[PDB]
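First the structure, in the form of structure tokens, and then the observations on it.
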Amino acid sequence: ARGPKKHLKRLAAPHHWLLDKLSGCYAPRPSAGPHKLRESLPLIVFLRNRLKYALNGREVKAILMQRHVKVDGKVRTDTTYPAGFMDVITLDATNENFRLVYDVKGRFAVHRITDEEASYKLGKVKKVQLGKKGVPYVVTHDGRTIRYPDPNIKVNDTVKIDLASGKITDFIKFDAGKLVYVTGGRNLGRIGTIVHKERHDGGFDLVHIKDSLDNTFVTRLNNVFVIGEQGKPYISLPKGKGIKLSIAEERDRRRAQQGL
Amino acid sequence: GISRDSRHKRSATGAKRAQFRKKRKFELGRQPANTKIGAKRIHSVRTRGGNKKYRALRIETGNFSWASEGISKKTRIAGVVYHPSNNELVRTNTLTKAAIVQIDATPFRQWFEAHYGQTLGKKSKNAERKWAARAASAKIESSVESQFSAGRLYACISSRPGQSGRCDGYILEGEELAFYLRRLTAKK
Amino acid sequence: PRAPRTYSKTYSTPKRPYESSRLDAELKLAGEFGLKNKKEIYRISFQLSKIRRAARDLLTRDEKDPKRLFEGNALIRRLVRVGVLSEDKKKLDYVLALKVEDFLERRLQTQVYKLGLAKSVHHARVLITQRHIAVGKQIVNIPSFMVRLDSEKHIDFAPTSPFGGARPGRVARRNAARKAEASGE
RNA sequence: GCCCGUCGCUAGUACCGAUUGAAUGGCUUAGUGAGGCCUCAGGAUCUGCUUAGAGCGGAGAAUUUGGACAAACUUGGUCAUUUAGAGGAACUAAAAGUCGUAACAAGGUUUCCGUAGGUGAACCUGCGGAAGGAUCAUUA
RNA sequence: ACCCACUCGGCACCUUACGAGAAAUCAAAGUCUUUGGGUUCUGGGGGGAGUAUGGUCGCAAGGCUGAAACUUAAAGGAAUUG
RNA sequence: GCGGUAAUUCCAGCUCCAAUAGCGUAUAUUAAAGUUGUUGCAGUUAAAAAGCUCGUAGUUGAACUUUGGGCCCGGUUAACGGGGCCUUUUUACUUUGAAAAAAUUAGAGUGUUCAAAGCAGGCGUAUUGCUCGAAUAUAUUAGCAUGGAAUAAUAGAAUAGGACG
RNA sequence: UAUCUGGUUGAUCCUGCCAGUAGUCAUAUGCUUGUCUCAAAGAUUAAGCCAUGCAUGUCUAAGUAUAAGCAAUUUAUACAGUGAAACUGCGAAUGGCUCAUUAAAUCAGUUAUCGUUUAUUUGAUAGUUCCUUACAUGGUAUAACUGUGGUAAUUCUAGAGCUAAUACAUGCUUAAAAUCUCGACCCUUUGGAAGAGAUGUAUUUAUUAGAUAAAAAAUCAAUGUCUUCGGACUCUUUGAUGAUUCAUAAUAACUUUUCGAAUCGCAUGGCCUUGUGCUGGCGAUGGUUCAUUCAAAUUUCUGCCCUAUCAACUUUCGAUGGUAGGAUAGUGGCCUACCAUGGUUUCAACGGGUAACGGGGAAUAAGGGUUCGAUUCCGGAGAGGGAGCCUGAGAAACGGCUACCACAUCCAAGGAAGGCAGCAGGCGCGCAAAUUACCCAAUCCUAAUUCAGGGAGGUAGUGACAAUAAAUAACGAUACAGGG
RNA sequence: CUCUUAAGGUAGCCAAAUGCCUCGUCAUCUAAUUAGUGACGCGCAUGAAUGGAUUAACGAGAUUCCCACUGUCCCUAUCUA
Ligand SMILES: NC[C@@H]1O[C@H](O[C@H]2[C@@H](O)[C@H](O[C@@H]3[C@@H](O)[C@H](N)C[C@H](N)[C@H]3O[C@H]3O[C@H](CO)[C@@H](O)[C@H](O)[C@H]3N)O[C@@H]2CO)[C@H](N)[C@@H](O)[C@@H]1O
Ligand SMILES: NC[C@@H]1O[C@H](O[C@H]2[C@@H](O)[C@H](O[C@@H]3[C@@H](O)[C@H](N)C[C@H](N)[C@H]3O[C@H]3O[C@H](CO)[C@@H](O)[C@H](O)[C@H]3N)O[C@@H]2CO)[C@H](N)[C@@H](O)[C@@H]1O
Ligand SMILES: NC[C@@H]1O[C@H](O[C@H]2[C@@H](O)[C@H](O[C@@H]3[C@@H](O)[C@H](N)C[C@H](N)[C@H]3O[C@H]3O[C@H](CO)[C@@H](O)[C@H](O)[C@H]3N)O[C@@H]2CO)[C@H](N)[C@@H](O)[C@@H]1O
Ligand SMILES: [Mg+2]
Ligand SMILES: [Mg+2]
Ligand SMILES: [Mg+2]
Ligand SMILES: [Mg+2]
Ligand SMILES: [Mg+2]
Ligand SMILES: [Mg+2]
Ligand SMILES: [Mg+2]
Ligand SMILES: [Mg+2]
Ligand SMILES: [Mg+2]
Ligand SMILES: [Mg+2]
Ligand SMILES: [Mg+2]
Ligand SMILES: [Mg+2]
Ligand SMILES: [Mg+2]
Ligand SMILES: [Mg+2]
Ligand SMILES: [Mg+2]
Ligand SMILES: [Mg+2]
Ligand SMILES: [Mg+2]
Ligand SMILES: [Mg+2]
Ligand SMILES: [Mg+2]
Ligand SMILES: [Mg+2]
Ligand SMILES: [Mg+2]
Ligand SMILES: [Mg+2]
Ligand SMILES: [Mg+2]
Ligand SMILES: [Mg+2]
Ligand SMILES: [Mg+2]
Ligand SMILES: [Mg+2]
Ligand SMILES: [Mg+2]
Ligand SMILES: [Mg+2]
Ligand SMILES: [Mg+2]
Ligand SMILES: [Mg+2]
Ligand SMILES: [Mg+2]
Ligand SMILES: [Mg+2]
Ligand SMILES: [Mg+2]
Ligand SMILES: [Mg+2]
Ligand SMILES: [Mg+2]
Ligand SMILES: [Mg+2]
Ligand SMILES: [Mg+2]
Ligand SMILES: [Mg+2]
Ligand SMILES: [Mg+2]
Ligand SMILES: [Mg+2]
Ligand SMILES: [Mg+2]
Ligand SMILES: [Mg+2]
Ligand SMILES: [Mg+2]
Ligand SMILES: [Mg+2]
Ligand SMILES: [Mg+2]
Ligand SMILES: [Mg+2]
Ligand SMILES: [Mg+2]
Ligand SMILES: [Mg+2]
Ligand SMILES: [Mg+2]
Ligand SMILES: [Mg+2]
Ligand SMILES: [Mg+2]
Ligand SMILES: [Mg+2]
Ligand SMILES: [Mg+2]
Ligand SMILES: [Mg+2]
Ligand SMILES: [Mg+2]
Ligand SMILES: [Mg+2]
Ligand SMILES: [Mg+2]
Ligand SMILES: [Mg+2]
Ligand SMILES: [Mg+2]
Ligand SMILES: [Mg+2]
Ligand SMILES: [Mg+2]
Ligand SMILES: [Mg+2]
Ligand SMILES: [Mg+2]
Ligand SMILES: [Mg+2]
Ligand SMILES: [Mg+2]
Ligand SMILES: [Mg+2]
Ligand SMILES: [Mg+2]
Ligand SMILES: [Mg+2]
Ligand SMILES: [Mg+2]
Ligand SMILES: [Mg+2]
Ligand SMILES: [Mg+2]
Ligand SMILES: [Mg+2]
Ligand SMILES: [Mg+2]
Ligand SMILES: [Mg+2]
Ligand SMILES: [Mg+2]
Ligand SMILES: [Mg+2]
Ligand SMILES: [Mg+2]
Ligand SMILES: [Mg+2]
Ligand SMILES: [Mg+2]
Ligand SMILES: [Mg+2]
Ligand SMILES: [Mg+2]
Ligand SMILES: [Mg+2]
Ligand SMILES: [Mg+2]
Ligand SMILES: [Mg+2]
Ligand SMILES: [Mg+2]
Ligand SMILES: [Mg+2]
Ligand SMILES: [Mg+2]
Ligand SMILES: [Mg+2]
Ligand SMILES: [Mg+2]
Ligand SMILES: [Mg+2]
Ligand SMILES: [Mg+2]
Ligand SMILES: [Mg+2]
Ligand SMILES: [Mg+2]
Ligand SMILES: [Mg+2]
Ligand SMILES: [Mg+2]
Ligand SMILES: [Mg+2]
Ligand SMILES: [Mg+2]
Ligand SMILES: [Mg+2]
Ligand SMILES: [Mg+2]
Ligand SMILES: [Mg+2]
Ligand SMILES: [Mg+2]
């Protein structure tokens, strides 16, 4: 249709932004990012619709243009900038930090981590190849390309990544019984460990999973993110820790802490 | 402009389909530049997404490779002789791929005699050092040598002159040399 | 391209319109509740039918079905909370037996009459729609307001008007002021 | 009693129809063919390299060779959808006209079928059916 | 050749309704709201009408295929009493 | 069907019914309609079995191949369910899943005063505050992965050009 | 949310339709019309025609200011605050509208790119440029501007003279190796050796590696070390894929040789032989390849309504396939050349109709279904009809150009300009649908960019489309009838 | 029903090479048509081997129109024997 599409319509936006039907015809349309705007958080959504710090469209700009926000160590000027999975978002004048991690319903959760643990990030290595001159390279989910990596790292690992500089502080391989966060799907936002990886030649390997409460379920290998060693993530998970409590179970817990 | 679309065609059942939409640039095609021998003239085409194709218009003198020797020198490209698609290109002496042209043999003769030391097809003590080692590999072919007597060699254009702008190829050897020989003599 | 604001119609009108008996039963219900139009009888029989049909396809599900568990018990808990299903009749079988007078009984009109405050269903409504029957702090003038079981005890005259509080009506406050020049100067 | 057809008047729909009937669109053979694009050229003007003055290079307007694309005009055909028509010939409505009374009673020549010919009209006659017949019946 | 008993396969017939059907009736026209063994063909109020048109077959008479506009509350079946 | 002189039917008066900020009319479409019939029609006489037989397509097509016995482990309200031992040991289909846009439908939650909606909200000390949400399930064709082996198909040694070491 | 009734008769049971009943996010119309919430609305007839206005423009400290521009009084004598114009930059390919085409087409769900393109965004990537004479930074050219002008007339322009750059055209620059060739002279053995080139990246071709699964001795050319006249042989370099001629590296060349920073803003620090020497901070804009992101292009499987009064169709002149080429961003009969005779069909081709854009969905509410979808979202197509194209990363664009056809405006008769299926609004059409309003405050988008611009959008008018709520009266008194 | 004289124009066709009236009337063709064609038919005086109706093909037969063509014409000029 003649070129790039510069608009997004409300009701066409990602559901996990939790926008309201009325109030406008349009969503922000995240910028061209490290993350696919399908799965991503525009800064305006985070600040205005989650942190509830900004009340306006014009107000979100007054924050960024006041130099306040950074992301993954670097200041981010862009209103629609698509902060994705495993990001940082430091605000000095508010002293806080947030690592973006999914709910157990699958939305980006508003999750505060301390002045450390916002040092480093994890990312899933999407490909590892040979660059110019023979220089090997590796790139994460968020499009970080890191050069001269560890010969052990293959696709479908994770990498612990210093921010202020870069490169690679150790890593975690992919084999039986590792800690895993589910990137997207029916089971998106869950956490668990590897019961088996069903191999499929010519695409779409099934990855079997078991969580802390001993439930089984499967998703796509491409959505299987290794978050660390079994029972010990490398980052801080929020309440419920991606446990997928049943809808029936939910009702009780709401009417449990509800009383006197 | 010309259209590369498959929907101006007929369905494999044979039916003629109505025109569904207009012509769009990305399905276009453009005119052949039929490149013939002559003083180098090469036109630029602004391709898809910017970049450049290079139209070969008049092409003399482009790079050729002697396979077994592992060496490549530049020569004149006299004209065409054979061509599998259209003799019209032979007659008109147009340069495309699969061309089977004829090239200046002399820069290809010079390298040999200044390497293997034997003159082709009939002091500096450091040199006789080298020519001593390189011998016993010094027989080429009866069919590849004889053309040096004439001064022009049988070569096949492997570039796409209207595309790259270079007209390049490789001298014919082996049975491939024989195949086009049994053509030239038993055709013309 | 505005977001498509949705809606629905609240009532279902009867198939056979002229049935000689049903006409009477409705007329009574209009009087023995104090209803404006036959639509306020329709609104409830439609509510009841979707309530019934909900339980209808719910009992089709062999027991210990989460749908018959979670949903079926999310109905009862809503159905008792308003005083329709009695404090315990609670079952999926006892909602199917639940009739039309049960919702109508719980209306703010059919309550404001019930305990004091009215002594008519026609006085009730006229009281409701005019300002003051208010429940709690907030005035609610809807004769259909559907009093919940425990919201009952909070319903009395409103903080304004001659019945519950400051000032009398300006019918009378105009009467006291027209003797001001008659019995005064 | 019911009841058929012609004939006679009143209104309505469609049909056939001389007009080589009109109209709109699509696909089209032929002929012609704008325009930009590619290409062979051209060279108003302006202009750099090596050496008044001469040799070799770049920039470039009108104009132009050839080529593909190709609107569109003319003339034909084809398909679609719509439509005018003197006259023709039906059918349908409205009722207690005219002619006779074909069918319903063995309806007064049982009715009906296919076919064939004939007759103002329903109908009549030939052959071969059927029974939905007016006979379930002559081991007597 | 005749008699008798048995048994297939025939053209029918009789009684009973086990059933079925609007009934007349039906050993199928039964095994049908306890609705499915397989399969072929047709019908969808009465007219208009087997008309018009196209196609096709025939020497022709004709056959095969086969509409719509419009019109109408009945038409019809079986049985009952007159 | 009413009206041709005492009109239950027209024009009205009176009253009465019906639904009511809405009731009527035209047109379409759905239900009624088992009057399109897979479920689920009808065809002697009401509409309707080709004059008759052949026969391609299509639909459809008898039965038979592991039956039975003996123990075990772990499941959910002795009935039943799931997973293994021993006994001479190719599809069509069906389940589970994944990957399925949001709206919309269904549906949980919540006092928009009710509600249609909305996805807000709720408690507070109301002097630089706490905080649970935004559930859940869906066209069942195709594709992908998976458990199932009944049913129905399909291949296999007939001049052995068969199997096996 | 599993219902029926009325009508064929003298009466009867059937068949059977007509009629009644109810619903419609379904349209019109009539009569009536008070209150809150909510808010469809020229789709249908004619993608018919349209006067006028509006709808696309855009600057930060950070490209270009000598405005005969404003402004204080500038340490500001190169500039410096502000800042019109114009240059360079980017956008104008998004939106918004409409449903005319379109029946295997679009489209849906589902694959493919080991078959390509990609502004931007994010993440990395560059010591190599001259060769035998700026690096304290080469060269001109121009707009705005001023001034002389033409035409009835336009977002027309002529020629005269100035002046800028991240415009245009140019062009130096830096480590240590190491491997290659070629090779003056020394001259014997198992013999060697200065110093003359070549090596960034990209383009083009050719060739090479990109390998392994289990172990042992014999062969030839010349070496590849090495020790002490005895000759020893110690060692094979892969990253990835289901899969590659993949990534990546190697040699020989090739090239009207791609990029390799003559670029701006804030700062003003540190050294010492003090020359305005040498060295330095965070930024902005760029730039080569790679990945990423926003996309694009094609693509696998399966799925469309009526029609046989459409049964054969495709193949001139591409129909199906093979080869080669050409063209493309790239695959492919996309096109050309040669060659074969293929390809579809009663499991319905081909053809015709559609008052047909597909889908998400909508109406109906036993089940099984019937009917509808111009229309808020997604995809597609189009901008009167057709075609062609320039710029560009992206267009076969129309609020871009060029032509034709059909419209149609101005004119001074010479010529000139146009495309409401954007927002309003006019005529027309019909049964059929609203104001030539306000506004960037909200949602958001665009830009050099917090500021500006947005008939996207929002507000308001019109608005009995549809939906929700649900006033038009309430309680006694007195006077008669009536219930224990 | 009548009537003279045996019957009393059937199937068909038509202003026809048959129609007086007559350049019949209607439609069509044309700017205009005593022409042509299609109709209509109480047809002065069509009509059945005195053959009636139809009819493919054929024709130096009669007739109308169309396209092409042209000095037939507008309107005449020139050339050769
Ligand atoms: N809109 C009028 C014209 O439509 C033309 O386009 C026409 C065609 O694209 C298309 O016509 C189709 C045709 O393709 C196809 N092969 C046959 C089909 N019957 C035609 O259909 C057309 O005409 C029929 C009547 O014949 C109508 O019933 C129908 O609505 C119409 N679409 O439909 C359009 C007609 O509406 C041109 N765009 C242009 O000349 C003009 O705009
Ligand atoms: N809205 C986001 C999503 O869009 C989807 O849209 C569909 C299409 O856009 C997409 O189609 C293909 C895709 O399969 C494939 N993997 C990539 C391809 N580029 C896509 O196709 C694309 O290009 C084609 C050809 O030019 C266009 O016709 C098409 O409109 C465009 N989307 O595949 C999607 C699923 O079939 C779906 N509607 C849905 O999953 C979801 O709404
Ligand atoms: N003009 C014919 C039209 O036919 C239409 O429909 C006709 C046919 O389509 C329909 O079916 C006929 C059937 O009657 C006839 N007796 C047998 C024939 N096979 C069927 O034919 C139909 O179906 C077959 C497949 O069975 C198709 O192959 C055929 O193309 C189709 N016409 O029955 C109708 C004929 O009775 C409509 N009746 C109407 O539009 C009109 O009558
Ligand atoms: Mg955005
Ligand atoms: Mg997608
Ligand atoms: Mg083409
Ligand atoms: Mg008539
Ligand atoms: Mg042509
Ligand atoms: Mg031309
Ligand atoms: Mg007529
Ligand atoms: Mg006639
Ligand atoms: Mg008589
Ligand atoms: Mg009579
Ligand atoms: Mg009689
Ligand atoms: Mg008699
Ligand atoms: Mg008689
Ligand atoms: Mg008699
Ligand atoms: Mg008789
Ligand atoms: Mg009889
Ligand atoms: Mg007779
Ligand atoms: Mg007669
Ligand atoms: Mg009969
Ligand atoms: Mg049933
Ligand atoms: Mg019928
Ligand atoms: Mg017939
Ligand atoms: Mg016929
Ligand atoms: Mg009878
Ligand atoms: Mg009276
Ligand atoms: Mg009445
Ligand atoms: Mg009356
Ligand atoms: Mg039905
Ligand atoms: Mg079934
Ligand atoms: Mg029936
Ligand atoms: Mg019958
Ligand atoms: Mg037959
Ligand atoms: Mg809902
Ligand atoms: Mg079987
Ligand atoms: Mg009858
Ligand atoms: Mg009806
Ligand atoms: Mg319109
Ligand atoms: Mg509209
Ligand atoms: Mg658009
Ligand atoms: Mg079509
Ligand atoms: Mg798709
Ligand atoms: Mg110059
Ligand atoms: Mg100039
Ligand atoms: Mg000048
Ligand atoms: Mg390679
Ligand atoms: Mg940057
Ligand atoms: Mg053939
Ligand atoms: Mg062509
Ligand atoms: Mg080929
Ligand atoms: Mg090829
Ligand atoms: Mg290609
Ligand atoms: Mg052929
Ligand atoms: Mg259409
Ligand atoms: Mg449709
Ligand atoms: Mg649509
Ligand atoms: Mg329903
Ligand atoms: Mg249903
Ligand atoms: Mg039903
Ligand atoms: Mg339409
Ligand atoms: Mg429509
Ligand atoms: Mg759209
Ligand atoms: Mg228009
Ligand atoms: Mg540019
Ligand atoms: Mg377009
Ligand atoms: Mg546009
Ligand atoms: Mg255009
Ligand atoms: Mg416009
Ligand atoms: Mg003038
Ligand atoms: Mg408008
Ligand atoms: Mg009007
Ligand atoms: Mg309206
Ligand atoms: Mg409307
Ligand atoms: Mg705004
Ligand atoms: Mg603004
Ligand atoms: Mg400013
Ligand atoms: Mg309304
Ligand atoms: Mg009033
Ligand atoms: Mg006569
Ligand atoms: Mg006579
Ligand atoms: Mg006679
Ligand atoms: Mg006769
Ligand atoms: Mg005559
Ligand atoms: Mg005459
Ligand atoms: Mg004649
Ligand atoms: Mg005559
Ligand atoms: Mg004449
Ligand atoms: Mg005449
Ligand atoms: Mg005549
Ligand atoms: Mg006559
Ligand atoms: Mg006569
Ligand atoms: Mg006369
Ligand atoms: Mg005579
Ligand atoms: Mg005679
Ligand atoms: Mg005679
Ligand atoms: Mg005669
Ligand atoms: Mg004759
Ligand atoms: Mg002739
Ligand atoms: Mg003749
Ligand atoms: Mg003749
Ligand atoms: Mg003649
Ligand atoms: Mg002449």
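Just remember, in the structure tokens the first chain shown is A, the second B, etc., residues are 1-based per chain, and ligands are 1-based in the order shown.
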Note to self: Can you pull out every residue with an atom within 12 Å of ligand 86? Use only C-alpha atoms (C1' of nucleotides) and all ligand atoms and format it as a PyMOL selection string.
What the structure shows: chain H and resi 14-17+19+22-24+34-37+63
- If we count only C-alpha atoms (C1' of nucleotides), what is near residue 156 of chain B at a cut-off of 12 Å, once residues fewer than 5 positions away on the same chain are taken out, given as an NGL selection string? (:B and (62-67 or 77 or 79-84 or 95-103 or 167-173 or 176-177 or 180)) or (:G and (205-206))
Inset, instruction - Pick out the chain G residues within 12 Å of chain C. Count only C-alpha atoms (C1' of nucleotides). Give them as a PyMOL selection string. - result: chain G and resi 1+3-5+20-23+25+35-40+96-97+365+375-377+443+456-458+466-475
Step by step, measure atom-to-atom distances between ligand 70 and each residue using only C-alpha atoms (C1' of nucleotides) and all ligand atoms, keep those at most 9 Å, then write them as a VMD selection string. chain G and resid 383 398 to 399 419 to 420 422
- Query: Would you give me, as a PyMOL selection string, the residues in segment 25-161 of chain C that DSSP reads as alpha helix (DSSP H)?
  - Reply: chain C and resi 25-31+39-59+66+72-81+92-96+100-105+108-112+121-129+161
**Asked** So which residues touch residue 103 of chain A within 7 Å, counting only C-alpha atoms (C1' of nucleotides), skipping near sequence neighbours fewer than 4 positions away, as a list in words?
**Response** residues 107, 108, 109, 189 and 242 of chain A
C-alpha atoms of the current selection, written as an mmCIF file, in the first residue's frame:
```cif
data_model
loop_
_atom_site.group_PDB
_atom_site.id
_atom_site.type_symbol
_atom_site.label_atom_id
_atom_site.label_comp_id
_atom_site.auth_asym_id
_atom_site.auth_seq_id
_atom_site.Cartn_x
_atom_site.Cartn_y
_atom_site.Cartn_z
ATOM 1 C CA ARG A 107 0.931 -8.378 30.352
ATOM 2 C CA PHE A 108 4.072 -6.407 31.057
ATOM 3 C CA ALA A 109 4.144 -6.124 34.847
ATOM 4 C CA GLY A 189 4.155 -14.999 31.342
ATOM 5 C CA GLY A 242 4.472 -16.818 37.054
#
```
Restricting to only C-alpha atoms (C1' of nucleotides), whichever of B:161, B:14, B:117, B:32 is closest to chain D is B:32
Q. Once you count only C-alpha atoms (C1' of nucleotides), which residues of chain F turn out to be within 9 Å of chain C? Could you give them as a ChimeraX atom specification?
A. /F:18-20,103,107-108,113-117
**OP:** Kindly determine which residues of chain A lie within 8 Å of chain F, considering only C-alpha atoms (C1' of nucleotides), and give the answer as a VMD selection string.
**Re:** chain A and resid 11 to 15 18 20 185 206 218 to 220 247 254
message = Please identify the strand (DSSP E or B) residues within segment 42-162 of chain B (assignment by DSSP from backbone atoms) and present them as a count of residues only.
response = 34
Can I get the residues close to ligand 21 as a PDB file with N, CA, C and O atoms (P, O5', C5', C4', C3', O3' and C1' of nucleotides), in the first residue's frame, where close means within 12 Å and we count only C-alpha atoms (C1' of nucleotides) and all ligand atoms?
```pdb
ATOM      1  P     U D   6     -63.139 -20.617 -26.118  1.00  0.00           P
ATOM      2  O5'   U D   6     -63.858 -20.175 -27.468  1.00  0.00           O
ATOM      3  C5'   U D   6     -63.413 -20.713 -28.702  1.00  0.00           C
ATOM      4  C4'   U D   6     -64.437 -20.603 -29.807  1.00  0.00           C
ATOM      5  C3'   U D   6     -64.917 -19.214 -30.190  1.00  0.00           C
ATOM      6  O3'   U D   6     -63.969 -18.444 -30.910  1.00  0.00           O
ATOM      7  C1'   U D   6     -66.743 -20.703 -30.174  1.00  0.00           C
ATOM      8  P     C D   7     -63.885 -16.851 -30.686  1.00  0.00           P
ATOM      9  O5'   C D   7     -65.364 -16.342 -30.967  1.00  0.00           O
ATOM     10  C5'   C D   7     -65.912 -16.385 -32.272  1.00  0.00           C
ATOM     11  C4'   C D   7     -67.304 -15.823 -32.292  1.00  0.00           C
ATOM     12  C3'   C D   7     -67.456 -14.428 -31.714  1.00  0.00           C
ATOM     13  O3'   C D   7     -67.027 -13.395 -32.573  1.00  0.00           O
ATOM     14  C1'   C D   7     -69.104 -15.796 -30.791  1.00  0.00           C
ATOM     15  P     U D 119     -63.158 -29.647 -42.381  1.00  0.00           P
ATOM     16  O5'   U D 119     -64.252 -29.531 -41.229  1.00  0.00           O
ATOM     17  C5'   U D 119     -65.598 -29.916 -41.464  1.00  0.00           C
ATOM     18  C4'   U D 119     -66.464 -29.695 -40.250  1.00  0.00           C
ATOM     19  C3'   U D 119     -66.382 -28.318 -39.608  1.00  0.00           C
ATOM     20  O3'   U D 119     -67.165 -27.343 -40.277  1.00  0.00           O
ATOM     21  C1'   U D 119     -66.278 -29.987 -37.932  1.00  0.00           C
ATOM     22  P     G D 120     -66.582 -25.865 -40.507  1.00  0.00           P
ATOM     23  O5'   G D 120     -66.768 -25.145 -39.096  1.00  0.00           O
ATOM     24  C5'   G D 120     -68.039 -24.673 -38.672  1.00  0.00           C
ATOM     25  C4'   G D 120     -67.910 -23.510 -37.719  1.00  0.00           C
ATOM     26  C3'   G D 120     -67.574 -23.854 -36.274  1.00  0.00           C
ATOM     27  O3'   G D 120     -66.196 -24.142 -36.046  1.00  0.00           O
ATOM     28  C1'   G D 120     -69.372 -22.324 -36.312  1.00  0.00           C
ATOM     29  P     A D 121     -65.745 -25.562 -35.418  1.00  0.00           P
ATOM     30  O5'   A D 121     -65.863 -25.358 -33.847  1.00  0.00           O
ATOM     31  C5'   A D 121     -65.310 -24.219 -33.209  1.00  0.00           C
ATOM     32  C4'   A D 121     -66.129 -23.834 -32.006  1.00  0.00           C
ATOM     33  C3'   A D 121     -66.346 -24.936 -30.983  1.00  0.00           C
ATOM     34  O3'   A D 121     -65.268 -25.065 -30.074  1.00  0.00           O
ATOM     35  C1'   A D 121     -68.417 -23.920 -31.493  1.00  0.00           C
TER      36        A D 121
ATOM     37  P     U H  10     -64.203 -18.522 -48.393  1.00  0.00           P
ATOM     38  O5'   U H  10     -63.733 -19.693 -47.423  1.00  0.00           O
ATOM     39  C5'   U H  10     -64.648 -20.666 -46.948  1.00  0.00           C
ATOM     40  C4'   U H  10     -63.968 -21.997 -46.770  1.00  0.00           C
ATOM     41  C3'   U H  10     -62.465 -21.935 -46.539  1.00  0.00           C
ATOM     42  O3'   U H  10     -62.129 -21.710 -45.180  1.00  0.00           O
ATOM     43  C1'   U H  10     -62.953 -23.544 -48.208  1.00  0.00           C
ATOM     44  P     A H  11     -60.859 -20.805 -44.790  1.00  0.00           P
ATOM     45  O5'   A H  11     -59.609 -21.697 -45.209  1.00  0.00           O
ATOM     46  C5'   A H  11     -59.415 -22.982 -44.651  1.00  0.00           C
ATOM     47  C4'   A H  11     -58.143 -23.595 -45.156  1.00  0.00           C
ATOM     48  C3'   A H  11     -56.930 -22.685 -45.121  1.00  0.00           C
ATOM     49  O3'   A H  11     -56.299 -22.736 -43.861  1.00  0.00           O
ATOM     50  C1'   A H  11     -57.090 -23.734 -47.245  1.00  0.00           C
TER      51        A H  11
END
```
At a cut-off of 10 Å and counting only C-alpha atoms (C1' of nucleotides) and all ligand atoms, what residues surround ligand 66? Please answer as JSON, numbers by chain. {"G": [89, 90, 391, 392]}
Correct to one decimal, the distance atom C1' of residue 42 of chain G-atom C1' of residue 408 of chain G is 24.0 Å
Selection as a PyMOL selection string: residues within 10 Å of ligand 11 by only C-alpha atoms (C1' of nucleotides) and all ligand atoms:
(chain D and resi 16-18+86-89) or (chain H and resi 38-40)
Note to self: Neighbouring residues of ligand 25 are defined here as those with any atom at most 12 Å from a ligand atom, counting only C-alpha atoms (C1' of nucleotides) and all ligand atoms; list them as an MDAnalysis selection string.
What the structure shows: chainID E and resid 49:52 62:66
Checklist entry - Taking only C-alpha atoms (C1' of nucleotides) into account, what are the residues of chain G at most 6 Å from chain A, put as an MDAnalysis selection string? => result chainID G and resid 93:94 121:124 242 247:248 292:295 394:395 443:444 450
Counting only C-alpha atoms (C1' of nucleotides) and all ligand atoms, name the residues that have an atom within 8 Å of an atom of ligand 62; the answer should be given as a PDB file with C-alpha atoms (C1' of nucleotides), in the first residue's frame.
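So part_24.pdb came out as:
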```
ATOM      1  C1'   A G  43     -23.858   2.956   1.298  1.00  0.00           C
ATOM      2  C1'   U G  44     -28.367   1.401  -1.870  1.00  0.00           C
ATOM      3  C1'   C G  99     -16.888  -0.213  -2.744  1.00  0.00           C
ATOM      4  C1'   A G 374     -21.434  -0.625   1.139  1.00  0.00           C
TER       5        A G 374
END
```
